[PDB]
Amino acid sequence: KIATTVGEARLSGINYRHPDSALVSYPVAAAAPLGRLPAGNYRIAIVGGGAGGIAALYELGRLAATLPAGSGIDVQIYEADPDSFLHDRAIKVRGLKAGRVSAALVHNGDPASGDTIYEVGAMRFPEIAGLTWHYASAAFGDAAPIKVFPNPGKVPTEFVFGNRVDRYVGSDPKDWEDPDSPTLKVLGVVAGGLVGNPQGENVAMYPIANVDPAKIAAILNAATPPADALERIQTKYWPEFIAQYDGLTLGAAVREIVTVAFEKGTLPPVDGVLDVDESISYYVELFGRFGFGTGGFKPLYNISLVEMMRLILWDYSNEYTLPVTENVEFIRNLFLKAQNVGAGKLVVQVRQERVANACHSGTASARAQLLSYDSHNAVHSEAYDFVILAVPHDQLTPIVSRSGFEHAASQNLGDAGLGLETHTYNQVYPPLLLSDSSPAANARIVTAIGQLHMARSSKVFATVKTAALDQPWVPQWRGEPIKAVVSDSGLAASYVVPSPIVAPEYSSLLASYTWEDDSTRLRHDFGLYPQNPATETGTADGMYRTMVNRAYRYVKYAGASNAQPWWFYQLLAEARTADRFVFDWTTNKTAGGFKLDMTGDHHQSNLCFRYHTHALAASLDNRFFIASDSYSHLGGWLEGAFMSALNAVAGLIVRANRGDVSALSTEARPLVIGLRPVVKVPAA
């Protein structure tokens, strides 16, 4: 049952279809090239060298290899991040970023002989992330070993909320220190109420298709689902769930579930003095700090229930590592494999330039324009046949939103407010061109993008000797030291991760991994933004000491009468002075970590997810596609960036074929035709 290789994870998730794209398994769509292109010499730009852009490049490579003699694809990849791996062909980050897949290498002067790696962005990969594992197989092979990510509960864990402490491993109460824990009771109540049972009676509060979500998850993952089930999910049942529940937050749903359980007597008054509403509140907030398997989702309580349900269906918490020292190696290997698969028909050039503007203009074949600035702030203008905008939404906004929403005789585009040179474009149309006649339709996609929610996130790291865990002051549970701590201290979630450069001498002490308001509460103490230290030779000691100080709390345990300062204070203080670190995604140019949908946001994110269907309108001459986890129903996952890239390339194939969906492979067609189109075109 535990996957031990890339191939075992890959095969576990190969069939899984997400509910907003329930007709199609993306890994099955990706098994062969996505389609065919007419003979030609295509000039394509990819803006962004992260997971989205690089997956898109790989699929373009697969398409290029199918082109006849004399034809080919030339791709210009724009990548503004000076630390990207694409520009590299104590704490080091240079060359160790692929967007939000971002490593920091801790070393003592020789980066080839390092101590540990801080995984600053992506770090844990669901088993049924089928497209992720599909690409991991392309990058590494099916035989490459993987490990269980050491989430809370997967290793011995301490949980602290208010007066409550729990030490546990797993969900078997035999392996909880207090089998009568209220935490365990609330967890069962919330699981019953949200997920329900895969067999038998339906007990969940928020059914899909009048059944528990556990039953729908099994259908979505089936090799051979019942006839019509996937269509009915896609067109009826999941839309009905959204109609009912997209206006309900995760926090509101947890409180409804808790309230019913408290009324029934399943959850008792917290002790003899708490009133009704206070007891209900305590349980809601207790569950909030505990979570679903990856730490407290209290900070994520404003997400739509729809968004949580996507993660429930996916079994999101059951996560693995990649077969790497640094996760960036996955994206770097995919980039190299893209060039190999192109078979010499794909040529790639990297531009260390920031794109400022996209538009359609002029009367040439190559009408998709990109205006960029290089590292000397010099302007460049380049025209393309097709462009894939592979950047998340706040980075995309300035590129797409400043050209208005209809034809313009001329525009002087660029970063004029910065004092940078502009370029005059003539006969201009917006880049995200949903209509030649309706400014509102053009506005809808732009405004949607600009109002997606980027979740805030920060990570505080230090380097500690792994042997620190063996000290008598670190608790042991079930034969191993505590290596995950979930708490209301302000740190939120903390992990003591063995170094992947190796039992290793060192561990990465992820002292605090925060989301949303948990991150906001810390931000004043970070000192430098987005990264402290901002240099390779510094250490964020002052910042880190503020985190240590949040851990300076008197904690009463059942095992001792006199409360002492929390042991975790001592462990955080055991970290070495050098190489203390924080990265704040919020103050990075991404304006946060990743998209999570609020109530009502489905309508915006889904528009983005379906945007590539514009290629069905042959009379619309739109050359731009979008490729990021921002434009998916899995913001915060490689799987979402990869899904979005698959969408983008499928749309581009249809556009290149002037609206002919038959140019997509049989298995890839549903990527376009299984969605509600964003343009109205005739049936069939």
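Take the two forms, find the largest set of C-alpha atoms that superpose within 1.5 Å, and that set is the rigid core. Numbers for residues come from their place in the sequence shown, where the first is 1.
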message = Do the Cα atoms of 471-479 or of 153-161 sit farther, on average, from the shown structure in 5 other deposited structures of this protein when the rigid core is superposed?
response = 471-479
task = On a core superposition, give the stretch, 579-587 or 565-573, with the larger average C-alpha separation from this form in 5 other deposited structures of this protein (RMS over structures and residues).
result = 579-587
query = Residues with no coordinates between residue 276 and residue 277 in the deposited sequence, how many: none, 1 to 3, 4 to 9, or 10 or more?
reply = none
query = How many missing residues of the deposited sequence lie between residue 89 and residue 90 in the entry, grouped as none, 1 to 3, 4 to 9, or 10 or more?
reply = 4 to 9
ask   = Can you tell me which stretch has the higher mean Cα B-factor, 456-464 or 68-76?
value = 68-76
inquiry  = If you average the CA temperature factors as listed in the entry, which stretch comes out higher, 230-238 or 158-166?
reply    = 230-238
query = Among 316, 569, 140, 594, which carries the highest Cα B-factor?
reply = 140
message = Can you tell me which of 121, 82, 251, 269 has the maximum CA B-factor listed in the PDB entry?
response = 269
remark   = Tertile call for residue 54 (CA temperature factor, within chain, third-based) is the lowest
Residue 264 - which third its CA temperature factor falls in, relative to the rest of the chain = highest
note = On the chain's distribution of Cα B-factors, residue 617 falls within the third called highest
request  = Rank-wise, by C-alpha B-factor, drop residue 658 into the lowest, middle or highest third of its chain.
outcome  = highest
query = Going by the entry, which third of its chain does the Cα temperature factor of residue 398 land in?
reply = lowest
